[PDB]
Amino acid sequence: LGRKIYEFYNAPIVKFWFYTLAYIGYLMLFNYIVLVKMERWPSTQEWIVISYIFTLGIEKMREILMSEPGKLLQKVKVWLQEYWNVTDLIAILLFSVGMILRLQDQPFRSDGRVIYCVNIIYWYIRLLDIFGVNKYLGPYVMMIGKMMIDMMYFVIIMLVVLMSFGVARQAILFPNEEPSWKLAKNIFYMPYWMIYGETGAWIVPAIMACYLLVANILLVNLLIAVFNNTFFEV
Amino acid sequence: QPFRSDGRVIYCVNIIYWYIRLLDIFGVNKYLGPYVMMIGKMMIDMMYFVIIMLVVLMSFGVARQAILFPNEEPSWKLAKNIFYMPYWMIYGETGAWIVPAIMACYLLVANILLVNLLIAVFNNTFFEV
Ligand SMILES: Cc1cc(NC(=O)[C@H](c2ccccc2)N2CCCc3ccccc32)no1
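Residue numbers (the entry's author numbering), protein chains in the order written: chain D, 837 to 1034, 1063 to 1098; chain C, 942 to 1034, 1063 to 1098.
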């Protein structure tokens, strides 16, 4: 009975479907500690989450060391050369400064929690790595990969053609204001709410809205096709 | 009462199924049949999308109703808000630039990528079928 359970736990099939059960633990227990008020000291549900990060950190340190290259510089550098490994590291460091801020008195607590909420962003995203072990989920995760850079270049078109109307609208509809900074933030958030927005003086707001039509139909349809070719080859 | 109401709601769900049944008939017509088979293929592909979408959108949801509503006690219905409220919050709006970072990345993948991913996948389904 001993040699059986000993063998069984060391199986790689098990280590997948046990670590992820530990981990659906983390993505349930963390969503219960930032979606409730905290208090001056860590609650027990937060102590388990805190311990999850730290025990992950000491396991990261095992791969930092026990990797094949012998000199410590290269020993680190190869682990640092894998992309998902570094974004583990920076988010561990973020959760560590999360608990440094979450340990002092307010307004320190106010910060700690924001740093907590940006970590729940990363650890959800981590699933991507692991959802590429499925034969079905695998191609999707990877096509987000290829499409990401295409979208990084599309926003170069998008800002040039849509901040166009974001500035002109505040250069016409908005009055004569001096560097207000909030205005800089208005020029690209009024389009986020363009849905709720409508001699010749009514000429100009009509011309701006209609090539806004031409531009956004052309653009939406533009991406409608640029991921189209790529989902064929992926 | 309360038996009648419950029975009416159950009859109302039987409406849904007894409309869906027609999909077996569509098979008879040479134009509706392929559309129905494409319903099935799109259904399975949509399931796998719901998994991925749930990861990305739920991440922004849990961040959102953490940062907004900055305080609560263990709430029986707050889970009912964390997906439904940002969905209906399409009109929904010193460190006041951090919340636009969450708002910024929220639609960065939810639509530009996830919604487009659906288009791609349903168009892929189309080609074989
Ligand atoms: C906190 C926290 C994160 C975490 N999980 C991982 O970051 C990751 C993993 C991801 C999905 C399923 C199972 C595990 N993981 C855990 C241990 C170090 C490691 C090494 C290589 C590959 C994955 C991996 N557990 O707690």
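Note that the Cβ used here is the ideal one computed from N, Cα and C, for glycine as well.
Proximity of residue i and residue j at Cβ, strictly below 8 Å
i          : j          : result
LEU871(D)  : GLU1014(C) : no
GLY981(D)  : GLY974(D)  : no
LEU1083(C) : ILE993(C)  : yes
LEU1019(C) : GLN1006(C) : yes
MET978(C)  : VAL1090(C) : no
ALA927(D)  : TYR958(D)  : yes
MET983(C)  : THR1094(C) : yes
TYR989(C)  : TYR989(D)  : no
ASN1085(C) : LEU963(D)  : no
Alpha-carbon spacing of residue i relative to residue j, whole angstroms
i          : j          : result
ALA847(D)  : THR856(D)  : 15 Å
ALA1079(C) : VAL997(C)  : 7 Å
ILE860(D)  : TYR888(D)  : 12 Å
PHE1024(D) : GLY1002(D) : 6 Å
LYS971(D)  : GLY934(D)  : 37 Å
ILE966(C)  : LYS1021(D) : 55 Å
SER932(D)  : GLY906(D)  : 29 Å
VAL850(D)  : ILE841(D)  : 11 Å
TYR1032(C) : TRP1029(D) : 7 Å
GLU899(D)  : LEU892(D)  : 11 Å
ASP941(D)  : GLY948(D)  : 10 Å
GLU1034(D) : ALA1073(D) : 8 Å
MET999(D)  : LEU916(D)  : 38 Å
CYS953(D)  : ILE1008(C) : 7 Å
Closer than 7 Å at the beta carbon, the chain C residues around residue i
i         : result
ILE985(D) : The premise fails here: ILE985(D) is roughly 12 Å from chain C at the closest Cβ pair, so nothing lies under 7 Å.
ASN867(D) : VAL1003
Under 8 Å from the C-beta of residue i: neighbouring residues of chain C
i              : result
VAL950(D)      : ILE1008, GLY1064 and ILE1067
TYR976(D)      : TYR989, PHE990, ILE993, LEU1086 and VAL1090
residue 787(D) : What is shown of chain D runs 837 to 1098, which leaves residue 787(D) out entirely.
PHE854(D)      : The contacting residues do not exist; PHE854(D) stays about 20 Å from chain C at best.
Chain D contact residues for residue i, given Cβ-Cβ distances below 7 Å
i          : result
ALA1004(C) : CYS953, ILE956 and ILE957
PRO1015(C) : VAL872
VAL1098(C) : Under the 7 Å cutoff, chain D gives no residues; its nearest Cβ is about 16 Å from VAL1098(C).
Contact list for residue i against chain D, beta-carbon separation under 8 Å
i          : result
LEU1019(C) : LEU871
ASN1012(C) : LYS873
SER1000(C) : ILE956, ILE957, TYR960 and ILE961
Amino acids of chain C, ordered along the chain, whose beta-carbon sits closer than 9 Å to that of residue i
i         : result
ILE980(D) : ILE993, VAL1078, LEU1082, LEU1083 and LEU1086
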